[PDB]
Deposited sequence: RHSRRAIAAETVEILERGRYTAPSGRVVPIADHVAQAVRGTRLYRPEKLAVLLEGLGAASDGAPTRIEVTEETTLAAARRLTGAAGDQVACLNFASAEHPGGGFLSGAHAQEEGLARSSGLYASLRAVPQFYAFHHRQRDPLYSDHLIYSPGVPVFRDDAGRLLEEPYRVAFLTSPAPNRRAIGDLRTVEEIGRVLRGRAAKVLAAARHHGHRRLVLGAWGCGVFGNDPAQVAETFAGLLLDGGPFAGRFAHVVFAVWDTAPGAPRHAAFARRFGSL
């Protein structure tokens, strides 16, 4: 936790100063790309995403979100979109306190916090709503520079991805006071909107994963099935993306989140 906290603070310094020093000693400028990502950030309300919905190579890997994004970005020039397994309440989650989950890693490693912190309306909505189902609001962050690897080392050459920030329902907080089917309906509607936003912004390659299945306590079989219903068996997004990676990095014994996705896809 202390090392993660230090890295988070360094990233905030980097985002203020507009440059960082790579391990070779190269000084890498990022201010322009960070500013572009912030200025291009958009909040989508639930009903705007619903309007989009009126209008494939599938891999399951043990990669982190960022590792999969980096791999894809090296292989072709179209910008990849990645799902941020978002906090509804804090931009970058607990990253500055050294918390360890997917969003925090994204915030430690990229310009994502600079984008998310600029959308206070998203966070205010959820704070006032006080319901752990959260909502279908989504933040779209284009061209966010990524400048660390999985170990926290700064990159000689940063790369850019789009982020899609949408919180899964907090099933852990709900317990059994919503049914399996109610949670499934919420997951399906929201995931459909995430995919619609990605496609609307021209992203043909996605990095998805076990959204909601760690800190938020969702069932990975249900989340894998949610994506499967959208992408397979003639579902609404069947054939609409070129490449979808379920990058599932699960350090728990048995890697159960990864196993559920491997089984389904």
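When the deposited sequence is numbered from 1, the segments without any C-alpha atom are 56 to 64, 275 to 277.
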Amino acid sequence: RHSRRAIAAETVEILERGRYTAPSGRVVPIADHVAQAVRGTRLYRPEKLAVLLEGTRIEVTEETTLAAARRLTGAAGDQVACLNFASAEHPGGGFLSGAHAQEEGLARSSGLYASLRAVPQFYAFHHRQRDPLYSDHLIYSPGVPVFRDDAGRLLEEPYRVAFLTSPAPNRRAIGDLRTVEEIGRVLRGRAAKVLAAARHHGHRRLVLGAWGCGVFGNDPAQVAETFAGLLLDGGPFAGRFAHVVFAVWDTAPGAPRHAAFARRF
From here on, numbers count along this sequence of modelled residues.
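Across the two stretches, 169 to 177 and 142 to 150, the PDB entry reports the greater mean Cα temperature factor for 169 to 177. The mean Cα B-factor in the deposited entry runs higher for 18 to 26 than for the other of 243 to 251 and 18 to 26. Based on the entry's C-alpha B-factors, the most elevated value among 193, 117, 128, 137 belongs to 128. In the PDB entry, a CA B factor belonging to the middle third of its chain's modelled residues is recorded for residue 214. Among all modelled residues in its chain, residue 76 ranks in the highest third by Cα B-factor. In this PDB entry, residue 48 carries a Cα temperature factor that places it within the highest third of its chain's modelled residues. Ranked by C-alpha B-factor against the other modelled residues of its chain, residue 221 falls in the middle third. For residue 40, the recorded CA B-factor ranks within the lowest third of the chain. Only modelled residues enter the ranking.
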